[PDB]
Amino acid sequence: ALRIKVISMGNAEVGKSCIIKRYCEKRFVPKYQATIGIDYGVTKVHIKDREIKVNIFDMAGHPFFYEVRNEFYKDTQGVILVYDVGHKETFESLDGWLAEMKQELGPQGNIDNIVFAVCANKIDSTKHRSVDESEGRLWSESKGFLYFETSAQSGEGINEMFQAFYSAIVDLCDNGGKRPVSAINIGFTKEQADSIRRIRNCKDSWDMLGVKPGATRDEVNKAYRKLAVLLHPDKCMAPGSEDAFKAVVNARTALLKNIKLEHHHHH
């Protein structure tokens, strides 16, 4: 039986609690009760035919609770990221939510092994709609997130979002908690293809990472990591990316070896 952790993020009054209670407790009330810091609960779901025990940390969206929320970003498998189509400041704030999560995970952190369901919520409201499906779908899908139009009041989109959410999370768990490689684009970036070819026909390790002689260890480190995320054969399906990755790895150590050796014979 699978044990996972789900959190909710997004501005106050956006509907995080009511999305969760609509699907898990089959209930909805119009009366607002702001989450105070964080609400913890356990629910059980059966998706695929894996039995999933879901630890939910429903977070409070008000900024006053910044310090309360920071403890609960680590070891997260799924995120319910919510805004209100009727209030565009909640959609714009979503970059800040990603930033806040990304720092509580440190530089190790790869939100790419986390499933995100973006919920454009309250589509049922008569009120003037200020965020359109194009804009939210583009912001979400361009980041590898799922996107759904939802209403906790009507139920629209709720069951479909949660079914897609938990299936992506089951797929993530069956792959060791690493983002599953999707057949829907075993293609590859153009800059990926350029970097692989530029790395074949390169005979110098300075130019292989894009740095000139006399570079800090910290600069060759930071050149290396941007190529590593670009070219790792797990992430990049282009032919020859494994050899390009190996070449980048070996170049980094060639430079790091001579840097520290020139620091030891000089100063």
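When you see a residue number, it is the position in the sequence shown, counting from 1.
- For the pair 21 to 29 and 255 to 263, the mean Cα B-factor is higher in 255 to 263.
- Look at the C-alpha B-factors of 59 to 67 and of 211 to 219. On average they run higher in 211 to 219.
- The PDB entry gives the largest Cα B-factor of the residues 150, 159, 77, 103 to 103.
- Of the candidates 154, 121, 189, 93, the PDB record gives 189 the highest C-alpha temperature factor.
- Sorting the modelled residues of the chain by their CA temperature factor places residue 174 in the highest third.
- Compared with the other modelled residues of the chain, the Cα B-factor recorded for residue 194 ranks in the middle third.
- Sorting the modelled residues of the chain by their CA temperature factor places residue 144 in the middle third.
- In the deposited entry, the Cα temperature factor of residue 41 places it in the lowest third of its chain's modelled residues.
- Annotation for residue 82: CA B-factor lies in the lowest third of the chain's modelled residues.
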